[PDB]
Amino acid sequence: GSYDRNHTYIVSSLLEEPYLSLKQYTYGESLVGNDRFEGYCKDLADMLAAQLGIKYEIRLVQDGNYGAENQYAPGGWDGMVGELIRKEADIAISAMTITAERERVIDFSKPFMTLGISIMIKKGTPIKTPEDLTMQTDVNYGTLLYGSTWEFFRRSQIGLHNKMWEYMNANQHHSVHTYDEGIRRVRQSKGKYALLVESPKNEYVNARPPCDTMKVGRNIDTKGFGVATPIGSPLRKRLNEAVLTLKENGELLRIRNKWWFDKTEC
Ligand SMILES: N[C@@H](CCC(=O)O)C(=O)O
């Protein structure tokens, strides 16, 4: 009650199914505003906004990126993280991974979803573990360039992860600027490409047509997605409280089931 509720809060996000996607276009109907979007993060944004009694406007991130340290970006970060640092958005509500490096420059709520880095292959590919990737030649691999998975491997102290880092950094052409390009490569490379991809994305894709991909191995780490705000945001406490409210009252579980379990489909 001591924050501006007339302001339409600007929410940075990023199209990434099923977290956020465009509603299917139809004949003679033009969608505008937030009505253009659907998905888990749309539903989450709606609920958070209702908890806080605020209006919001989704504005997709202007470089299509999650956020990385970049010696060219103003404020030192690109993507959604940079939009928050530079106060171009009020909140980011996306599948944004909570990392130690990002916590030094923006704030996160407690996590609304858990996840881990995982491996996606085309069915038939002879890979069962991360170790396997480093012990063979014909299957190339990669991940989303410069995002949290990229940084995990760069920074990990585990020999295996460092081995995978050295490979990917020396073979950046086998990594991708969107998960959808990586998934296309899995599907089109005849068993010769594996994608390092966060588990909720992996699980979603594998349970939907064309049913030609699968997850192998255990998750490599354990991680969360959080609602992010610029430091100092008057909304920081109330947004964290709202996430905890939605967690406790079963609403996060309900929309996770809506977009993952209710969409299977394989
Ligand atoms: N969720 C990741 C993007 C995907 C990835 O890095 O695998 C991030 O916030 O950077």
# chains A, B, ... in the order shown; residues from 1 in each chain; ligands from 1
$ residues_near_ligand --ligand "ligand 1" --cutoff "10 Å" --atoms "only C-alpha atoms and all ligand atoms" --output "PyMOL selection string"
chain A and resi 16+65-68+79-81+94-99+102+115-118+142-152+177-179+195-201+223-226
$ closest_residue --among "A:93, A:252, A:52, A:160" --to "residue 237 (chain A)" --atoms "only C-alpha atoms"
A:52
$ residues_around --residues "residue 121 (chain A)" --least-positions-apart "3" --cutoff "6 Å" --atoms "only C-alpha atoms" --output "PyMOL selection string"
chain A and resi 194+213-214
$ write_last_selection --atoms "N, CA and C atoms" --output "short mmCIF file (atom, residue, chain, number, x, y, z; two decimals), in the first residue's frame"
data_model
loop_
_atom_site.label_atom_id
_atom_site.label_comp_id
_atom_site.auth_asym_id
_atom_site.auth_seq_id
_atom_site.Cartn_x
_atom_site.Cartn_y
_atom_site.Cartn_z
N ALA A 194 23.81 -33.72 -29.57
CA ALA A 194 23.13 -33.74 -28.26
C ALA A 194 23.11 -32.31 -27.73
N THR A 213 12.65 -37.27 -29.57
CA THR A 213 13.73 -36.88 -28.67
C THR A 213 13.57 -37.55 -27.29
N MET A 214 14.65 -37.69 -26.54
CA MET A 214 14.50 -38.12 -25.17
C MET A 214 15.62 -37.55 -24.30
#
$ select_by_dssp --residues "region 57-200 of chain A" --states "strand (DSSP E)" --output "PyMOL selection string"
chain A and resi 57-60+91-92+107-108+113-115+117-122+140-142+193-198
$ atom_distance --atom1 "CA of residue 181 (chain A)" --atom2 "CA of residue 18 (chain A)"
15.6 Å
$ atom_distance --atom1 "CA of residue 202 (chain A)" --atom2 "CA of residue 120 (chain A)"
6.4 Å
$ residues_around --residues "residue 189 (chain A)" --least-positions-apart "3" --cutoff "10 Å" --atoms "only C-alpha atoms" --output "compact mmCIF listing (two decimals) with N, CA, C and O atoms, in the first residue's frame"
# COMPACT_ATOMS: atom_id res chain seq x y z
N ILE A 121 18.75 -35.97 -26.56
CA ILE A 121 19.24 -36.66 -27.75
C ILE A 121 18.09 -37.03 -28.66
O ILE A 121 16.96 -37.13 -28.20
N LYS A 122 18.40 -37.27 -29.93
CA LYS A 122 17.47 -37.95 -30.83
C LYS A 122 17.46 -39.43 -30.45
O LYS A 122 18.52 -40.01 -30.19
N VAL A 139 29.20 -37.84 -31.97
CA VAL A 139 28.10 -37.00 -31.49
C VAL A 139 28.69 -35.69 -30.98
O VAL A 139 29.39 -35.69 -29.98
N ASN A 140 28.40 -34.60 -31.69
CA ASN A 140 28.77 -33.29 -31.22
C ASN A 140 27.73 -32.78 -30.26
O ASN A 140 26.62 -33.30 -30.19
N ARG A 184 16.13 -28.16 -33.09
CA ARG A 184 16.14 -28.47 -34.53
C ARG A 184 17.39 -29.27 -34.85
O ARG A 184 17.31 -30.29 -35.56
N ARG A 185 18.53 -28.91 -34.28
CA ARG A 185 19.75 -29.66 -34.59
C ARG A 185 19.69 -31.08 -34.05
O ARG A 185 20.19 -32.01 -34.72
N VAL A 186 19.11 -31.27 -32.86
CA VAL A 186 18.97 -32.61 -32.32
C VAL A 186 18.18 -33.42 -33.33
O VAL A 186 18.56 -34.55 -33.70
N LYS A 192 23.70 -37.45 -34.38
CA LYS A 192 25.05 -36.92 -34.25
C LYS A 192 25.09 -35.58 -33.49
O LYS A 192 26.12 -34.93 -33.45
N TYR A 193 23.99 -35.21 -32.85
CA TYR A 193 24.00 -34.01 -31.99
C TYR A 193 23.24 -34.20 -30.67
O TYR A 193 22.14 -34.76 -30.67
N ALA A 194 23.81 -33.72 -29.57
CA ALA A 194 23.13 -33.74 -28.26
C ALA A 194 23.11 -32.31 -27.73
O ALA A 194 24.06 -31.58 -27.93
$ residues_around --residues "residue 236 (chain A)" --least-positions-apart "2" --cutoff "12 Å" --atoms "only C-alpha atoms" --output "PyMOL selection string"
chain A and resi 3+48+52+90-92+106-110+226-234+238-243
$ write_last_selection --atoms "C-alpha atoms" --output "PDB file, in the first residue's frame"
ATOM      1  CA  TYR A   3       3.855   1.672  -3.715  1.00  0.00           C
ATOM      2  CA  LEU A  48       1.626 -12.115  -9.135  1.00  0.00           C
ATOM      3  CA  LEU A  52       0.165  -7.134  -5.575  1.00  0.00           C
ATOM      4  CA  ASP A  90      10.376  -3.151 -13.606  1.00  0.00           C
ATOM      5  CA  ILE A  91      10.282  -6.941 -13.345  1.00  0.00           C
ATOM      6  CA  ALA A  92      11.436  -9.921 -15.385  1.00  0.00           C
ATOM      7  CA  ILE A 106      19.771  -7.980  -9.712  1.00  0.00           C
ATOM      8  CA  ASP A 107      17.467  -9.516  -7.106  1.00  0.00           C
ATOM      9  CA  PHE A 108      15.477 -12.753  -7.293  1.00  0.00           C
ATOM     10  CA  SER A 109      12.507 -14.090  -5.449  1.00  0.00           C
ATOM     11  CA  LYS A 110      12.694 -17.493  -3.910  1.00  0.00           C
ATOM     12  CA  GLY A 226      13.073 -16.783  -9.951  1.00  0.00           C
ATOM     13  CA  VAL A 227      11.180 -13.536 -10.469  1.00  0.00           C
ATOM     14  CA  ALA A 228      13.795 -10.826 -10.965  1.00  0.00           C
ATOM     15  CA  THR A 229      13.786  -7.123 -10.080  1.00  0.00           C
ATOM     16  CA  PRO A 230      16.287  -4.212 -10.307  1.00  0.00           C
ATOM     17  CA  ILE A 231      18.054  -3.619  -6.997  1.00  0.00           C
ATOM     18  CA  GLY A 232      16.076  -1.318  -4.775  1.00  0.00           C
ATOM     19  CA  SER A 233      12.701  -2.146  -6.305  1.00  0.00           C
ATOM     20  CA  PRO A 234       9.868  -1.233  -3.939  1.00  0.00           C
ATOM     21  CA  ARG A 238       5.968  -8.249  -1.866  1.00  0.00           C
ATOM     22  CA  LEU A 239       6.965 -10.208  -4.977  1.00  0.00           C
ATOM     23  CA  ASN A 240       8.881 -12.708  -2.892  1.00  0.00           C
ATOM     24  CA  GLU A 241       5.929 -13.008  -0.496  1.00  0.00           C
ATOM     25  CA  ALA A 242       3.604 -13.520  -3.482  1.00  0.00           C
ATOM     26  CA  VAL A 243       5.718 -16.347  -4.869  1.00  0.00           C
TER      27      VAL A 243
END
$ closest_residue --among "A:172, A:137, A:114, A:264" --to "residue 208 (chain A)" --atoms "only C-alpha atoms"
A:264
$ closest_atom_pairs --of "region 157-264 of chain A" --to "region 31-41 of chain A" --cutoff "9 Å" --atoms "only C-alpha atoms" --output "Markdown table"
| residue | atom | partner | partner_atom | distance |
| --- | --- | --- | --- | --- |
| A:255 | CA | A:40 | CA | 6.2 |
| A:256 | CA | A:40 | CA | 6.8 |
| A:258 | CA | A:40 | CA | 8.0 |
| A:259 | CA | A:40 | CA | 6.3 |
$ write_last_selection --atoms "N, CA and C atoms" --output "compact mmCIF listing (two decimals), in the first residue's frame"
# COMPACT_ATOMS: atom_id res chain seq x y z
N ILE A 255 -0.37 -24.53 -12.19
CA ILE A 255 0.05 -24.08 -13.53
C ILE A 255 1.25 -24.88 -14.08
N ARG A 256 2.06 -25.50 -13.23
CA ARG A 256 3.06 -26.41 -13.78
C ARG A 256 2.36 -27.61 -14.43
N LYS A 258 -0.65 -27.67 -15.67
CA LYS A 258 -1.38 -27.16 -16.80
C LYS A 258 -0.51 -27.18 -18.05
N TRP A 259 0.74 -26.74 -17.92
CA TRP A 259 1.60 -26.58 -19.09
C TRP A 259 2.53 -27.76 -19.38
$ select_by_dssp --residues "region 155-203 of chain A" --states "helix (DSSP H, G or I)" --output "VMD selection string"
chain A and resid 155 159 to 170 172 to 174 179 to 188 199 to 203
$ write_last_selection --atoms "N, CA and C atoms" --output "CSV table (one decimal), in the first residue's frame"
chain,number,residue,atom,x,y,z
A,155,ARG,N,32.4,-22.3,-15.0
A,155,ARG,CA,32.9,-22.1,-13.7
A,155,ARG,C,33.0,-23.3,-12.8
A,159,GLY,N,36.2,-31.9,-12.7
A,159,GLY,CA,37.0,-32.2,-13.9
A,159,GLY,C,36.1,-32.5,-15.1
A,160,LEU,N,35.1,-33.3,-15.0
A,160,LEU,CA,34.3,-33.7,-16.1
A,160,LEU,C,33.6,-32.4,-16.8
A,161,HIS,N,33.1,-31.5,-15.9
A,161,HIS,CA,32.5,-30.3,-16.4
A,161,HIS,C,33.4,-29.4,-17.1
A,162,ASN,N,34.7,-29.4,-16.6
A,162,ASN,CA,35.7,-28.6,-17.2
A,162,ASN,C,36.1,-29.2,-18.6
A,163,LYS,N,36.1,-30.5,-18.6
A,163,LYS,CA,36.4,-31.1,-19.9
A,163,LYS,C,35.3,-30.7,-20.9
A,164,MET,N,34.0,-30.8,-20.5
A,164,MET,CA,32.9,-30.4,-21.4
A,164,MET,C,33.0,-28.9,-21.7
A,165,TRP,N,33.4,-28.1,-20.8
A,165,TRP,CA,33.6,-26.7,-21.1
A,165,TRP,C,34.7,-26.5,-22.2
A,166,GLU,N,35.8,-27.2,-22.0
A,166,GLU,CA,36.9,-26.9,-23.0
A,166,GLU,C,36.5,-27.3,-24.4
A,167,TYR,N,35.7,-28.4,-24.5
A,167,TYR,CA,35.2,-28.8,-25.8
A,167,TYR,C,34.2,-27.7,-26.3
A,168,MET,N,33.2,-27.3,-25.6
A,168,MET,CA,32.2,-26.4,-26.1
A,168,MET,C,32.8,-25.0,-26.5
A,169,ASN,N,33.8,-24.6,-25.6
A,169,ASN,CA,34.4,-23.2,-25.8
A,169,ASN,C,35.2,-23.3,-27.1
A,170,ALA,N,35.8,-24.4,-27.4
A,170,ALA,CA,36.6,-24.6,-28.6
A,170,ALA,C,35.8,-24.9,-29.9
A,172,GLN,N,32.3,-23.5,-30.5
A,172,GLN,CA,31.1,-22.8,-30.3
A,172,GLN,C,30.1,-22.9,-31.4
A,173,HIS,N,30.6,-23.3,-32.6
A,173,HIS,CA,29.6,-23.5,-33.7
A,173,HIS,C,28.6,-24.6,-33.5
A,174,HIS,N,28.9,-25.5,-32.5
A,174,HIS,CA,28.0,-26.6,-32.1
A,174,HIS,C,27.1,-26.1,-31.0
A,179,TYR,N,17.2,-22.1,-27.9
A,179,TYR,CA,17.0,-23.5,-27.6
A,179,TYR,C,16.3,-24.1,-28.9
A,180,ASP,N,15.4,-23.3,-29.5
A,180,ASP,CA,14.6,-23.9,-30.6
A,180,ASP,C,15.6,-24.3,-31.8
A,181,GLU,N,16.7,-23.6,-32.0
A,181,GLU,CA,17.7,-24.0,-33.0
A,181,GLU,C,18.4,-25.2,-32.5
A,182,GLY,N,18.7,-25.3,-31.2
A,182,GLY,CA,19.4,-26.5,-30.7
A,182,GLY,C,18.5,-27.8,-30.9
A,183,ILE,N,17.2,-27.6,-30.6
A,183,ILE,CA,16.3,-28.7,-30.7
A,183,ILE,C,16.1,-29.1,-32.2
A,184,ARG,N,16.1,-28.2,-33.1
A,184,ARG,CA,16.1,-28.5,-34.5
A,184,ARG,C,17.4,-29.3,-34.9
A,185,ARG,N,18.5,-28.9,-34.3
A,185,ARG,CA,19.7,-29.7,-34.6
A,185,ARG,C,19.7,-31.1,-34.0
A,186,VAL,N,19.1,-31.3,-32.9
A,186,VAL,CA,19.0,-32.6,-32.3
A,186,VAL,C,18.2,-33.4,-33.3
A,187,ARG,N,17.1,-32.8,-33.8
A,187,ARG,CA,16.1,-33.6,-34.6
A,187,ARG,C,16.7,-33.9,-36.0
A,188,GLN,N,17.5,-33.0,-36.5
A,188,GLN,CA,17.9,-33.1,-37.9
A,188,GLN,C,19.3,-33.7,-38.2
A,199,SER,N,16.1,-29.0,-17.7
A,199,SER,CA,15.2,-30.1,-17.7
A,199,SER,C,13.7,-29.8,-18.0
A,200,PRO,N,13.1,-28.6,-17.5
A,200,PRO,CA,11.7,-28.4,-17.9
A,200,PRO,C,11.5,-28.3,-19.4
A,201,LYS,N,12.4,-27.6,-20.0
A,201,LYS,CA,12.3,-27.5,-21.5
A,201,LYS,C,12.5,-28.8,-22.1
A,202,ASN,N,13.5,-29.6,-21.7
A,202,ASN,CA,13.7,-30.9,-22.2
A,202,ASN,C,12.4,-31.8,-22.1
A,203,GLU,N,11.9,-31.8,-20.9
A,203,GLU,CA,10.7,-32.7,-20.6
A,203,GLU,C,9.6,-32.3,-21.4
$ atom_distance --atom1 "CA of residue 153 (chain A)" --atom2 "CA of residue 220 (chain A)"
10.3 Å
$ decode --residues "region 84-123 of chain A" --atoms "N, CA and C atoms" --output "PDB file, in the first residue's frame"
ATOM      1  N   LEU A  84      16.911  -4.927 -16.623  1.00  0.00           N
ATOM      2  CA  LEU A  84      16.630  -4.589 -15.229  1.00  0.00           C
ATOM      3  C   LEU A  84      17.679  -3.663 -14.661  1.00  0.00           C
ATOM      4  N   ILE A  85      18.945  -3.971 -14.873  1.00  0.00           N
ATOM      5  CA  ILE A  85      20.029  -3.119 -14.341  1.00  0.00           C
ATOM      6  C   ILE A  85      19.868  -1.657 -14.767  1.00  0.00           C
ATOM      7  N   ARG A  86      19.500  -1.471 -16.023  1.00  0.00           N
ATOM      8  CA  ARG A  86      19.395  -0.146 -16.605  1.00  0.00           C
ATOM      9  C   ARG A  86      18.022   0.447 -16.399  1.00  0.00           C
ATOM     10  N   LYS A  87      17.175  -0.237 -15.631  1.00  0.00           N
ATOM     11  CA  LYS A  87      15.829   0.269 -15.295  1.00  0.00           C
ATOM     12  C   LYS A  87      14.900   0.492 -16.499  1.00  0.00           C
ATOM     13  N   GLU A  88      15.041  -0.345 -17.509  1.00  0.00           N
ATOM     14  CA  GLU A  88      14.195  -0.329 -18.664  1.00  0.00           C
ATOM     15  C   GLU A  88      12.938  -1.190 -18.492  1.00  0.00           C
ATOM     16  N   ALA A  89      12.982  -2.091 -17.526  1.00  0.00           N
ATOM     17  CA  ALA A  89      11.849  -2.900 -17.131  1.00  0.00           C
ATOM     18  C   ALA A  89      11.768  -2.884 -15.601  1.00  0.00           C
ATOM     19  N   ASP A  90      10.569  -3.103 -15.072  1.00  0.00           N
ATOM     20  CA  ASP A  90      10.376  -3.151 -13.606  1.00  0.00           C
ATOM     21  C   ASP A  90      10.526  -4.528 -12.988  1.00  0.00           C
ATOM     22  N   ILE A  91      10.238  -5.561 -13.781  1.00  0.00           N
ATOM     23  CA  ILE A  91      10.282  -6.941 -13.345  1.00  0.00           C
ATOM     24  C   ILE A  91      10.655  -7.787 -14.550  1.00  0.00           C
ATOM     25  N   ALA A  92      11.367  -8.897 -14.349  1.00  0.00           N
ATOM     26  CA  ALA A  92      11.436  -9.921 -15.385  1.00  0.00           C
ATOM     27  C   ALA A  92      10.777 -11.177 -14.890  1.00  0.00           C
ATOM     28  N   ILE A  93       9.850 -11.695 -15.695  1.00  0.00           N
ATOM     29  CA  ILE A  93       9.085 -12.893 -15.329  1.00  0.00           C
ATOM     30  C   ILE A  93       9.233 -13.823 -16.505  1.00  0.00           C
ATOM     31  N   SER A  94      10.131 -14.784 -16.315  1.00  0.00           N
ATOM     32  CA  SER A  94      10.650 -15.611 -17.386  1.00  0.00           C
ATOM     33  C   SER A  94      11.235 -16.865 -16.770  1.00  0.00           C
ATOM     34  N   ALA A  95      11.733 -17.747 -17.612  1.00  0.00           N
ATOM     35  CA  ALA A  95      12.452 -18.920 -17.124  1.00  0.00           C
ATOM     36  C   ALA A  95      13.909 -18.514 -16.921  1.00  0.00           C
ATOM     37  N   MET A  96      14.108 -17.576 -16.000  1.00  0.00           N
ATOM     38  CA  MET A  96      15.448 -17.019 -15.737  1.00  0.00           C
ATOM     39  C   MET A  96      16.071 -17.722 -14.552  1.00  0.00           C
ATOM     40  N   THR A  97      17.209 -18.342 -14.799  1.00  0.00           N
ATOM     41  CA  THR A  97      17.920 -19.115 -13.777  1.00  0.00           C
ATOM     42  C   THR A  97      18.606 -18.213 -12.768  1.00  0.00           C
ATOM     43  N   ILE A  98      18.390 -18.529 -11.487  1.00  0.00           N
ATOM     44  CA  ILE A  98      19.019 -17.826 -10.367  1.00  0.00           C
ATOM     45  C   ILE A  98      20.454 -18.282 -10.279  1.00  0.00           C
ATOM     46  N   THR A  99      21.380 -17.387 -10.546  1.00  0.00           N
ATOM     47  CA  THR A  99      22.803 -17.682 -10.443  1.00  0.00           C
ATOM     48  C   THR A  99      23.507 -16.706  -9.514  1.00  0.00           C
ATOM     49  N   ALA A 100      24.615 -17.167  -8.945  1.00  0.00           N
ATOM     50  CA  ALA A 100      25.397 -16.310  -8.038  1.00  0.00           C
ATOM     51  C   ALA A 100      25.842 -15.036  -8.724  1.00  0.00           C
ATOM     52  N   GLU A 101      26.204 -15.125  -9.993  1.00  0.00           N
ATOM     53  CA  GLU A 101      26.705 -13.961 -10.707  1.00  0.00           C
ATOM     54  C   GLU A 101      25.595 -12.964 -10.929  1.00  0.00           C
ATOM     55  N   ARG A 102      24.403 -13.456 -11.267  1.00  0.00           N
ATOM     56  CA  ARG A 102      23.267 -12.550 -11.473  1.00  0.00           C
ATOM     57  C   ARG A 102      22.798 -11.940 -10.160  1.00  0.00           C
ATOM     58  N   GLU A 103      22.844 -12.705  -9.064  1.00  0.00           N
ATOM     59  CA  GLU A 103      22.466 -12.136  -7.769  1.00  0.00           C
ATOM     60  C   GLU A 103      23.294 -10.938  -7.348  1.00  0.00           C
ATOM     61  N   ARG A 104      24.489 -10.778  -7.906  1.00  0.00           N
ATOM     62  CA  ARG A 104      25.318  -9.615  -7.574  1.00  0.00           C
ATOM     63  C   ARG A 104      24.875  -8.344  -8.259  1.00  0.00           C
ATOM     64  N   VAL A 105      23.993  -8.469  -9.256  1.00  0.00           N
ATOM     65  CA  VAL A 105      23.555  -7.292  -9.987  1.00  0.00           C
ATOM     66  C   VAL A 105      22.028  -7.060 -10.086  1.00  0.00           C
ATOM     67  N   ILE A 106      21.231  -8.086  -9.805  1.00  0.00           N
ATOM     68  CA  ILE A 106      19.771  -7.980  -9.712  1.00  0.00           C
ATOM     69  C   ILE A 106      19.305  -8.835  -8.568  1.00  0.00           C
ATOM     70  N   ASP A 107      18.038  -8.703  -8.182  1.00  0.00           N
ATOM     71  CA  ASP A 107      17.467  -9.516  -7.106  1.00  0.00           C
ATOM     72  C   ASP A 107      16.478 -10.539  -7.629  1.00  0.00           C
ATOM     73  N   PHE A 108      16.453 -11.722  -7.005  1.00  0.00           N
ATOM     74  CA  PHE A 108      15.477 -12.753  -7.293  1.00  0.00           C
ATOM     75  C   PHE A 108      14.596 -13.081  -6.123  1.00  0.00           C
ATOM     76  N   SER A 109      13.349 -13.394  -6.420  1.00  0.00           N
ATOM     77  CA  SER A 109      12.507 -14.090  -5.449  1.00  0.00           C
ATOM     78  C   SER A 109      13.073 -15.468  -5.124  1.00  0.00           C
ATOM     79  N   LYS A 110      12.552 -16.070  -4.052  1.00  0.00           N
ATOM     80  CA  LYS A 110      12.694 -17.493  -3.910  1.00  0.00           C
ATOM     81  C   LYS A 110      12.228 -18.183  -5.189  1.00  0.00           C
ATOM     82  N   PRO A 111      12.757 -19.364  -5.471  1.00  0.00           N
ATOM     83  CA  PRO A 111      12.414 -19.971  -6.764  1.00  0.00           C
ATOM     84  C   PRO A 111      10.981 -20.412  -6.895  1.00  0.00           C
ATOM     85  N   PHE A 112      10.425 -20.235  -8.086  1.00  0.00           N
ATOM     86  CA  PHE A 112       9.097 -20.731  -8.346  1.00  0.00           C
ATOM     87  C   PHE A 112       9.118 -22.114  -8.993  1.00  0.00           C
ATOM     88  N   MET A 113      10.289 -22.578  -9.418  1.00  0.00           N
ATOM     89  CA  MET A 113      10.406 -23.860 -10.095  1.00  0.00           C
ATOM     90  C   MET A 113      11.839 -24.329  -9.935  1.00  0.00           C
ATOM     91  N   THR A 114      12.006 -25.636  -9.721  1.00  0.00           N
ATOM     92  CA  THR A 114      13.316 -26.257  -9.657  1.00  0.00           C
ATOM     93  C   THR A 114      13.642 -26.899 -10.999  1.00  0.00           C
ATOM     94  N   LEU A 115      14.931 -27.089 -11.242  1.00  0.00           N
ATOM     95  CA  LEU A 115      15.388 -27.641 -12.517  1.00  0.00           C
ATOM     96  C   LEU A 115      16.832 -28.106 -12.432  1.00  0.00           C
ATOM     97  N   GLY A 116      17.297 -28.758 -13.500  1.00  0.00           N
ATOM     98  CA  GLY A 116      18.723 -28.991 -13.643  1.00  0.00           C
ATOM     99  C   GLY A 116      19.132 -29.084 -15.082  1.00  0.00           C
ATOM    100  N   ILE A 117      20.414 -28.905 -15.344  1.00  0.00           N
ATOM    101  CA  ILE A 117      20.930 -29.104 -16.673  1.00  0.00           C
ATOM    102  C   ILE A 117      20.766 -30.578 -17.019  1.00  0.00           C
ATOM    103  N   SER A 118      20.352 -30.872 -18.246  1.00  0.00           N
ATOM    104  CA  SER A 118      20.096 -32.254 -18.685  1.00  0.00           C
ATOM    105  C   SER A 118      20.515 -32.398 -20.141  1.00  0.00           C
ATOM    106  N   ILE A 119      20.464 -33.627 -20.641  1.00  0.00           N
ATOM    107  CA  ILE A 119      20.894 -33.935 -21.988  1.00  0.00           C
ATOM    108  C   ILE A 119      19.684 -34.356 -22.792  1.00  0.00           C
ATOM    109  N   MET A 120      19.532 -33.757 -23.967  1.00  0.00           N
ATOM    110  CA  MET A 120      18.533 -34.167 -24.956  1.00  0.00           C
ATOM    111  C   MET A 120      19.224 -34.781 -26.163  1.00  0.00           C
ATOM    112  N   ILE A 121      18.752 -35.969 -26.562  1.00  0.00           N
ATOM    113  CA  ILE A 121      19.243 -36.660 -27.753  1.00  0.00           C
ATOM    114  C   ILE A 121      18.090 -37.034 -28.655  1.00  0.00           C
ATOM    115  N   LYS A 122      18.396 -37.274 -29.929  1.00  0.00           N
ATOM    116  CA  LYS A 122      17.470 -37.946 -30.834  1.00  0.00           C
ATOM    117  C   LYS A 122      17.461 -39.430 -30.447  1.00  0.00           C
ATOM    118  N   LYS A 123      16.276 -40.032 -30.375  1.00  0.00           N
ATOM    119  CA  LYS A 123      16.174 -41.447 -29.993  1.00  0.00           C
ATOM    120  C   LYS A 123      17.084 -42.314 -30.860  1.00  0.00           C
TER     121      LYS A 123
END
